[PDB]
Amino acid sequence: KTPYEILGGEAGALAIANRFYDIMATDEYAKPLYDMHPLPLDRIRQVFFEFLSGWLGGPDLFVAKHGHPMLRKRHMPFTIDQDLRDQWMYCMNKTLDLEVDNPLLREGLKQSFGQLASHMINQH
């Protein structure tokens, strides 16, 4: 069974994407990460969801509409240090605790996001 399947499919991917930004947008420690996002969040909420649907084994909605992830490259316009990586993970940890009831999948998702996040870092 895929992460997409275990999390309830579309509604599960949507809820993660939305909870992530919901928390990012109000939590103090992540203001800096939040401030890199020009408002409103409508499009990035939708795009991140599209990404999650395929990264979890549902429809590649991202690769259908925007092409391959190339996430490291796609983040190269921004300055991303350790500090911002940790802010991003802090938000996604909090999200996955609330959204993923399977504790194995949850720890699996945290580690795999944790790695992707570290991969984006481009300032040391």
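A residue's number is simply how far along the shown sequence it sits, counting from 1.
Here the stretch with the larger average CA B-factor, out of 91 to 99 and 57 to 65, is 57 to 65.
Higher mean CA B-factor, judged across 108 to 116 and 15 to 23 from the recorded values: 108 to 116. Annotation for residue 39: C-alpha temperature factor in the highest third relative to the rest of the modelled chain, per the entry.
For residue 45, the recorded CA temperature factor ranks within the lowest third of the chain's modelled residues. In this PDB entry, residue 33 carries a Cα temperature factor that places it within the lowest third of its chain's modelled residues. In this PDB entry, the Cα temperature factor of residue 75 sits in the bottom third of its chain's modelled residues, the lowest group.
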